[PDB]
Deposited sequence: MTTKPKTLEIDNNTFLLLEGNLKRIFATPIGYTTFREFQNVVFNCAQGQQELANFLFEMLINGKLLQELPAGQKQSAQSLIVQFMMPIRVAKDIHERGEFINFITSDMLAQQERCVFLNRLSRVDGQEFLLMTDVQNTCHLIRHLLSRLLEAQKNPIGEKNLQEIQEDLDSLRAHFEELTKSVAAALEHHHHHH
């Protein structure tokens, strides 16, 4: 039974993780199961929480399974950005789901982008959640104020 889970996991993780991959993983566990075994196995493979073979399954697959779960939840969120100056800037956006987008900006575009993003933070102030969220990062804003004026 342990071997079959490994083979099925090797198969599903052989291709790029996507938005169906976490549910597809759940289907493999359910196929192998017995509700009591599934819950044991979810704990084992997602959390590494409880034979030698089990340690092997955690090492190969816990991180890929957790990323599948992350993608299910927030795959479309920004994950990383790089920039190269050439005057224009070559920006690369990468999402939690691994997809990337190339975007060129000149100095005027970048400033306009900043203003757009600020307008959204200003709109957050009107919503009860957002205002508290901004206060949660009050120091990061304050850093911005120093940092931006220093540019000026």
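Where does the model skip over parts of the deposited sequence?
No C-alpha for residues 1 to 13, 47 to 48, 66 to 73, 110 to 114, 181 to 194.
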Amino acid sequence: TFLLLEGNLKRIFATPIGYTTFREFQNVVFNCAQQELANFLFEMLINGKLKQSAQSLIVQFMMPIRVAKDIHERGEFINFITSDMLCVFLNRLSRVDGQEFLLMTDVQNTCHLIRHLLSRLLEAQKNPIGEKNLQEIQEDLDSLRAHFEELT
From here on, numbers count along this sequence of modelled residues.
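Check the entry's C-alpha temperature factors for 91 to 99 and 116 to 124, then say which stretch has the higher mean.
Averaging CA B-factors over each stretch, the winner is 116 to 124.
Mind pulling up the entry and telling me whether 36 to 44 or 102 to 110 has the higher mean Cα temperature factor?
Mean CA B-factor is higher for 36 to 44.
Split the chain's modelled residues into thirds by Cα B-factor; is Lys69 in the lowest, middle or highest one?
Its C-alpha B-factor belongs to the lowest third of this chain's values.
Just say lowest, middle or highest third for the CA B-factor of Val29 relative to the other modelled residues in its chain.
It falls in the middle third of the chain.
Relative to the other modelled residues of the same chain, rank the CA B-factor of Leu50 and answer lowest, middle or highest third.
Its C-alpha B-factor belongs to the highest third of this chain's values.
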